[PDB]
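The structure appears below as structure tokens.
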Amino acid sequence: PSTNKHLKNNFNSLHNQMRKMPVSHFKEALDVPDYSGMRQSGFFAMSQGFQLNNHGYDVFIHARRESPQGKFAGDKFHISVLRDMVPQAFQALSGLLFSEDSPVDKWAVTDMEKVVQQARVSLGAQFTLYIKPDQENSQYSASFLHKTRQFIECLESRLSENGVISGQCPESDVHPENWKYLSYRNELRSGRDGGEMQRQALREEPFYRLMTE
Amino acid sequence: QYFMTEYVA
């Protein structure tokens, strides 16, 4: 038994349930840092229940809201924007990323001052959104999958409406033509390198197909 | 070491 096994065996049921659901509404947060403030999180900051830190042994500012008390199943999104526009992109998305209605409890953004300009996580993939199965038995529910898909589509729309220029999608990730910023990989069944073979495998991931079709 | 977008617990 596994998260992905449940997705395979309920593939059409989940998809059909999702397409019948009304549009998700996300109350956007206002009492949030801008990108500069985000970089100043240090040891501890908090905005809208998301604990913030920028003091780890890595180049990211991490955001974590307490999860409902399934286990991480590898499913995650990157957001790629033009390197120069990360601060504006972050601000535009902050209402959604810190929303009390967001299905994403754990995410991270590159600290652009900690990386060389031409770095993988500088030219693109400046955000990572980590998805966890919402049910106690580590299964995804249709309600949550719908919410998650609606959420990333809201992120797409906000960036597009703000005229944010797209970034350089990492070689590791896949995305459909209608995702100009968002991309996907599964951490359990793919690597950071990528390649056509890996990208081909990722396109078959039930989770990815449920997000796109 | 510093550049991984890996989920850390």
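All residue names refer to the structure tokens as shown: chains lettered A, B, ... in order, residues numbered from 1 in each chain, ligands numbered from 1 in order.
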task = Just the residues within 9 Å of residue 32 in chain A, please, counting only C-alpha atoms, with nothing from its chain fewer than 6 positions along; format it as a PyMOL selection string.
result = chain A and resi 38+46-48+91+94-95+98
Please save N, CA and C atoms of the selected residues as a PDB file, in the first residue's frame.
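Listed below is the output, selection-v6.pdb:
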ATOM      1  N   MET A  38      11.320  38.987   4.104  1.00  0.00           N
ATOM      2  CA  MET A  38      11.505  37.543   4.041  1.00  0.00           C
ATOM      3  C   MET A  38      12.979  37.149   4.258  1.00  0.00           C
ATOM      4  N   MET A  46       7.493  34.938  12.076  1.00  0.00           N
ATOM      5  CA  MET A  46       6.218  34.301  11.787  1.00  0.00           C
ATOM      6  C   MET A  46       5.267  35.261  11.104  1.00  0.00           C
ATOM      7  N   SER A  47       4.607  34.753  10.069  1.00  0.00           N
ATOM      8  CA  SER A  47       3.574  35.481   9.361  1.00  0.00           C
ATOM      9  C   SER A  47       2.430  34.519   9.059  1.00  0.00           C
ATOM     10  N   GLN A  48       1.233  34.857   9.551  1.00  0.00           N
ATOM     11  CA  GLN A  48       0.005  34.077   9.325  1.00  0.00           C
ATOM     12  C   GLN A  48       0.133  32.594   9.675  1.00  0.00           C
ATOM     13  N   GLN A  91       6.130  39.049  -3.812  1.00  0.00           N
ATOM     14  CA  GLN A  91       5.127  39.962  -3.250  1.00  0.00           C
ATOM     15  C   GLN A  91       3.739  39.674  -3.825  1.00  0.00           C
ATOM     16  N   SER A  94       2.466  36.476  -2.276  1.00  0.00           N
ATOM     17  CA  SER A  94       2.531  36.371  -0.814  1.00  0.00           C
ATOM     18  C   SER A  94       1.160  36.173  -0.149  1.00  0.00           C
ATOM     19  N   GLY A  95       0.136  36.842  -0.675  1.00  0.00           N
ATOM     20  CA  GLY A  95      -1.246  36.695  -0.184  1.00  0.00           C
ATOM     21  C   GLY A  95      -1.744  35.263  -0.231  1.00  0.00           C
ATOM     22  N   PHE A  98       0.776  32.751   1.977  1.00  0.00           N
ATOM     23  CA  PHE A  98       0.523  32.841   3.408  1.00  0.00           C
ATOM     24  C   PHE A  98      -0.962  32.707   3.763  1.00  0.00           C
TER      25      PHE A  98
END
query = Taking the backbone alone, and naming residues the way the document does, which bits of chain A are strand (DSSP E or B) by DSSP, as JSON, numbers by chain?
reply = {"A": [45, 46, 47, 50, 51, 52, 53, 60, 61, 62, 63, 64, 65, 75, 76, 77, 78, 79, 81, 106, 107, 108, 109, 110, 127, 128, 129, 130, 166, 174, 182, 183, 184, 185, 186]}
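With only C-alpha atoms as the basis for measurement, A:60 is the residue among A:181, A:140, A:60, A:207 that approaches residue 6 in chain B most closely.
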task = Compile the residues of chain A that lie within 8 Å of chain B, evaluated using only C-alpha atoms, and express the compilation as a ChimeraX atom specification.
result = /A:57-59,121,128,130,187
Take the residues from that selection and put them in a file with C-alpha atoms, as a JSON list (two decimals), in the first residue's frame.
[["chain", "number", "residue", "atom", "x", "y", "z"],
["A", 57, "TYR", "CA", 22.75, 25.36, 5.92],
["A", 58, "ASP", "CA", 21.24, 26.26, 2.53],
["A", 59, "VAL", "CA", 20.35, 29.19, 0.24],
["A", 121, "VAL", "CA", 17.67, 28.06, -8.25],
["A", 128, "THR", "CA", 9.46, 25.15, -4.02],
["A", 130, "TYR", "CA", 5.82, 20.84, -0.98],
["A", 187, "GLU", "CA", 11.22, 13.65, -5.18]]
request  = Would you please give, as an MDAnalysis selection string, all residues of range 13-133 of chain A that DSSP assigns to helix (DSSP H, G or I) based on the backbone?
outcome  = chainID A and resid 13:19 35:39 83:97 120:123
Could you please take those selected residues and save C-alpha atoms as a PDB file, in the first residue's frame?
ATOM      1  CA  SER A  13     -12.776   8.496  -9.608  1.00  0.00           C
ATOM      2  CA  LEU A  14     -10.502  11.241  -8.230  1.00  0.00           C
ATOM      3  CA  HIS A  15     -10.384  13.086 -11.586  1.00  0.00           C
ATOM      4  CA  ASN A  16     -14.187  12.919 -12.057  1.00  0.00           C
ATOM      5  CA  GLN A  17     -14.825  14.131  -8.478  1.00  0.00           C
ATOM      6  CA  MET A  18     -12.362  17.017  -8.952  1.00  0.00           C
ATOM      7  CA  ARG A  19     -13.893  18.303 -12.195  1.00  0.00           C
ATOM      8  CA  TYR A  35      10.779  39.877  -0.198  1.00  0.00           C
ATOM      9  CA  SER A  36      13.333  42.002   1.708  1.00  0.00           C
ATOM     10  CA  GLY A  37      11.536  41.219   4.993  1.00  0.00           C
ATOM     11  CA  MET A  38      11.505  37.543   4.041  1.00  0.00           C
ATOM     12  CA  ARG A  39      15.332  37.629   3.708  1.00  0.00           C
ATOM     13  CA  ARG A  83      15.771  36.139 -11.994  1.00  0.00           C
ATOM     14  CA  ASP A  84      15.411  39.945 -11.712  1.00  0.00           C
ATOM     15  CA  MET A  85      11.694  39.709 -10.887  1.00  0.00           C
ATOM     16  CA  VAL A  86      11.861  37.379  -7.828  1.00  0.00           C
ATOM     17  CA  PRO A  87      11.106  40.192  -5.321  1.00  0.00           C
ATOM     18  CA  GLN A  88       8.049  41.333  -7.337  1.00  0.00           C
ATOM     19  CA  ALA A  89       6.945  37.730  -7.949  1.00  0.00           C
ATOM     20  CA  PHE A  90       7.221  36.919  -4.236  1.00  0.00           C
ATOM     21  CA  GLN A  91       5.127  39.962  -3.250  1.00  0.00           C
ATOM     22  CA  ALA A  92       2.441  39.192  -5.850  1.00  0.00           C
ATOM     23  CA  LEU A  93       2.146  35.614  -4.544  1.00  0.00           C
ATOM     24  CA  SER A  94       2.531  36.371  -0.814  1.00  0.00           C
ATOM     25  CA  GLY A  95      -1.246  36.695  -0.184  1.00  0.00           C
ATOM     26  CA  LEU A  96      -1.806  33.182  -1.534  1.00  0.00           C
ATOM     27  CA  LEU A  97       1.393  31.628  -0.097  1.00  0.00           C
ATOM     28  CA  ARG A 120      19.814  26.588 -11.061  1.00  0.00           C
ATOM     29  CA  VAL A 121      17.669  28.056  -8.252  1.00  0.00           C
ATOM     30  CA  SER A 122      18.486  31.633  -9.339  1.00  0.00           C
ATOM     31  CA  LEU A 123      17.548  31.489 -13.062  1.00  0.00           C
TER      32      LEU A 123
END
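If you look at CA of residue 156 in chain A and CA of residue 29 in chain A, they are 17.6 Å away from each other.
Taking only C-alpha atoms into account, residue 190 in chain A lies nearest to A:172 out of the set A:172, A:99, A:135, A:10.
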task = Find the spatial neighbours of range 105-108 of chain A, counting only C-alpha atoms, within a cut-off of 6 Å - ignore same-chain residues fewer than 4 positions away - and output them as a VMD selection string.
result = chain A and resid 61 to 65 127 to 130
Could you write out the selected residues, including N, CA and C atoms, as a CSV table (one decimal), in the first residue's frame?
chain,number,residue,atom,x,y,z
A,61,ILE,N,15.0,30.7,2.1
A,61,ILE,CA,14.1,31.1,3.2
A,61,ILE,C,13.0,30.0,3.3
A,62,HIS,N,12.9,29.4,4.4
A,62,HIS,CA,11.9,28.3,4.6
A,62,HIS,C,10.6,28.8,5.3
A,63,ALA,N,9.5,28.3,4.8
A,63,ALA,CA,8.2,28.6,5.4
A,63,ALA,C,7.5,27.3,5.8
A,64,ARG,N,7.0,27.3,7.1
A,64,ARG,CA,6.4,26.1,7.6
A,64,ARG,C,5.3,26.4,8.5
A,65,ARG,N,4.1,26.0,8.2
A,65,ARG,CA,2.9,26.1,9.0
A,65,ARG,C,2.7,24.7,9.6
A,127,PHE,N,11.1,29.1,-6.2
A,127,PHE,CA,10.2,28.7,-5.2
A,127,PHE,C,10.0,27.2,-5.2
A,128,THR,N,9.9,26.5,-4.1
A,128,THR,CA,9.5,25.1,-4.0
A,128,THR,C,8.2,25.0,-3.1
A,129,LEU,N,7.2,24.4,-3.7
A,129,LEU,CA,5.9,24.1,-2.9
A,129,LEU,C,5.9,22.6,-2.6
A,130,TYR,N,5.9,22.3,-1.4
A,130,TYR,CA,5.8,20.8,-1.0
A,130,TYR,C,4.4,20.4,-0.7
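Note that CA of residue 102 in chain A and CA of residue 151 in chain A are 7.0 Å apart.
Each of A:194, A:49, A:206, A:22 was checked against residue 174 in chain A using only C-alpha atoms; the smallest atom-to-atom distance is that of A:194.
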key: Straight-line distance linking CA of residue 54 in chain A with CA of residue 115 in chain A, stated in Å to one decimal   = 13.4 Å
note = Min atom-atom distance to residue 55 in chain A from the set A:100, A:203, A:138, A:114, counting only C-alpha atoms, belongs to A:114
query = Between A:67, A:168, A:3, A:137, which one has atoms that come closest to residue 119 in chain A, using only C-alpha atoms?
reply = A:168
message = Could you check the closest approach to residue 12 in chain A for each of A:196, A:31, A:134, A:142 and tell me which residue wins, using only C-alpha atoms?
response = A:142
